[PDB]
Amino acid sequence: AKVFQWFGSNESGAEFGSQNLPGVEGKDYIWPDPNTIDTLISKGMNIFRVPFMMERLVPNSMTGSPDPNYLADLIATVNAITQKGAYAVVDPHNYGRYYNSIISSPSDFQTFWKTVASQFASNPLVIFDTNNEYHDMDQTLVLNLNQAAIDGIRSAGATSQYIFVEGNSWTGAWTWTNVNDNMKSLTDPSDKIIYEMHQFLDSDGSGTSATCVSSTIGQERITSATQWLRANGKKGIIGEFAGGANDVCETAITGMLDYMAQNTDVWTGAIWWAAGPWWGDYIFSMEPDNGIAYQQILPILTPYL
């Protein structure tokens, strides 16, 4: 019996080596492995978030044509997930920036999103994620970019799919009410907006240390976001979270997920950061069969699957 609408993992790799554009597949970046996705599906996960770079999918200008090879691999990855019945989140992992400059044109972003959504418009198990972790940019612009993405997606006939919107401050849950209130005004004719927040458990919330602040830091960092979602009649998802393979972090993870489980009127679930084939000894690797989080964290997550 699953606790949440969605529970699963990021499948990182296609966004690796971001300093090399276009970069070379198999050298700078790699796409997820469908066989290990299948293992995670067998463990009960039902959502896989797939980062990719906007510049690799649609080079030079975001209003242009896709790159055939990178698009073909995005398609193959999405279909490998959705053919099994799980959800695939299409994540342009771009921080609100394109060639390292803030995306200041909502109309250009809308065209990019019509291009992408057109490739997936018939697939109800695709979820479109407007952009990973907007940060250090104008707050009204972030609202307008999310709205332009929705408008482009729905304009392509992709009307069955959920859209994950992301806020400023690296879409952090703990910082949400301090900066992202204006995000409440987003509109969607399909009524399928989910507010995607990210939450890490180290001191600065960057998700770079295996050490968690305390055994309660996760549940603490999502309380005001939970109240904001409820007050505004919205639904949310934790689209990235992690903690180290240690007792304090394991307790923080369980406490945060147990809190979300008693607040499913607003929380639709959670997605671990991260699996993928090029993580090696990464402190948060969910990649079967030998990632540290796969071995040591997944056993504490099975109660939610």
Side-chain angles (χ1 to χ4, degrees), residues 7-19 29 32 40 45 48-49 51 91 93-97 129 131-136 166-180 196-226 236-260 267 269-302 304:
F7 199 99
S9 184
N10 284 270
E11 283 289 346
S12 174
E15 88 288 9
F16 271 33
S18 65
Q19 70 293 340
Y29 62 86
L40 292 180
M45 297 191 166
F48 298 86
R49 178 167 179 254
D91 160 34
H93 205 77
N94 269 72
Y95 306 97
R97 294 162 166 67
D129 188 335
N131 225 250
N132 179 68
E133 295 191 353
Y134 302 94
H135 65 94
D136 303 303
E166 303 199 28
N168 220 329
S169 282
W170 312 84
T171 210
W174 62 327
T175 49
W176 186 275
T177 60
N178 294 330
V179 303
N180 282 310
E196 182 189 339
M197 306 167 201
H198 295 175
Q199 196 57 69
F200 293 95
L201 306 178
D202 53 349
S203 293
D204 68 1
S206 65
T208 57
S209 171
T211 303
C212 297
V213 176
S214 75
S215 65
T216 60
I217 195 61
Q219 56 214 97
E220 291 179 70
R221 284 184 174 169
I222 68 166
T223 60
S224 67
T226 300
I237 190 170
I238 294 292
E240 293 186 19
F241 74 108
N246 58 65
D247 276 2
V248 173
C249 287
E250 283 158 23
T251 300
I253 288 164
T254 293
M256 178 186 90
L257 296 171
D258 287 347
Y259 177 87
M260 282 171 75
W267 288 115
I271 310 183
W272 182 267
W273 180 272
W278 276 8
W279 282 123
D281 65 2
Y282 184 47
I283 53 168
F284 304 143
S285 177
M286 196 48 80
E287 185 73 351
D289 311 299
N290 297 314
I292 301 174
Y294 182 76
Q295 285 288 339
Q296 295 181 45
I297 298 297
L298 184 59
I300 80 165
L301 307 180
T302 67
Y304 312 98

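Each residue takes its place number in the sequence, starting with 1.
- Between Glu11 and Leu40 the shortest side-chain heavy-atom distance falls below 4.5 Å.
- The structure places CD of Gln199 at 8.0 Å from CD1 of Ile222, a figure rounded to the nearest 0.5 Å.
- The minimum heavy-atom distance linking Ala252 with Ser214 is given by the pair CB-O, 3.6 Å.
- The side chain to side chain donor-acceptor pair (under 3.5 Å) check on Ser12 picks up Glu15, with sequence neighbours excluded.
- In this structure, CD1 on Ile297 lies 12.0 Å from OG on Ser9, to the nearest 0.5 angstrom.
- Note that NE2 of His198 is 15.0 Å distant from CZ of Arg221, once rounded to the nearest 0.5 Å.
- Of all non-hydrogen atoms in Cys212 and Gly243, the two that sit nearest each other are SG-CA, 4.1 Å.
- The two residues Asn10 and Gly239 have their closest heavy-atom pair at ND2-O, 3.1 Å.
- Within the 4.5 Å cutoff, the side chain of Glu166 has no heavy atoms near those of the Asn131 side chain.
- Side-chain atoms of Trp267 and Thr226 form a donor-acceptor pair, as typed in the model, at a separation below 3.5 Å.
- The aromatic rings of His135 and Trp170 sit parallel, their planes meeting at an angle under 30°, below the 60° perpendicular limit.
- Here the straight-line distance linking atom CD of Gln295 with atom CE of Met286 works out to 10.5 Å at 0.5 Å rounding.
- In terms of modelled atom types and a separation under 3.5 Å, the side chain of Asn246 and the main chain of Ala210 share a donor-acceptor contact.
- Considering only heavy atoms from C-beta on, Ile237 stays 4.5 Å or farther from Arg49 through its side chain.
- Of all heavy-atom pairs between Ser169 and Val179, the closest is OG-CG2, 3.6 Å.
- Scanning for side-chain contact (heavy atoms from CB on, under 4.5 Å) contacts around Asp281 gives an empty result, with sequence neighbours left out.
- Under the 4.5 Å side-chain criterion, counting only non-hydrogen atoms from C-beta, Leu301 is in contact with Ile253.
- The aromatic rings of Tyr95 and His93 sit perpendicular, their planes meeting at an angle over 60°, well past the 30° parallel limit.
- Shown here for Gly218 and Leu201, the closest heavy-atom pair between the two residues is CA-CD2, 3.5 Å.
- When only modelled atom types and interatomic distance are considered, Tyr282 and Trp273 share a side-chain donor-acceptor pair under 3.5 Å.
- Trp279 pairs in a ring pair (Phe, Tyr, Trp, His ring centres under 6.0 Å) with only one of the listed residues (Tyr294, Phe284, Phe16, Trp272), which is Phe16.
- Under a 3.5 Å cut-off, the side chain of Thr254 and the backbone N or O of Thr251 do not form any donor-acceptor pair.
- Here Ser224 contributes atom OG and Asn178 contributes atom CG; the two are 7.0 Å apart, rounded to the nearest 0.5 Å.
- Heavy atoms of other residues, nucleotides or ligands lying less than 6.0 angstrom from CG of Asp247 number 12 at most.
- Contact annotation: the side chain of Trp176 approaches that of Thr171 to within less than 4.5 Å [non-hydrogen atoms, C-beta and beyond].
- With contacts defined as side-chain heavy-atom distances shorter than 4.5 Å, the pair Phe200/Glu240 qualifies.
- Contact detail for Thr216 and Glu220: the closest heavy-atom pair is OG1-OE2, 2.7 Å.
- Counting only heavy atoms from C-beta outward, the side chains of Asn168 and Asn180 approach each other to under 4.5 Å.
- Going from atom CG of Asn290 over to atom OG of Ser285 covers 9.0 Å, rounded to the nearest 0.5 Å.
- At least one side-chain heavy atom of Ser203 sits under 4.5 Å from a side-chain heavy atom of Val213.
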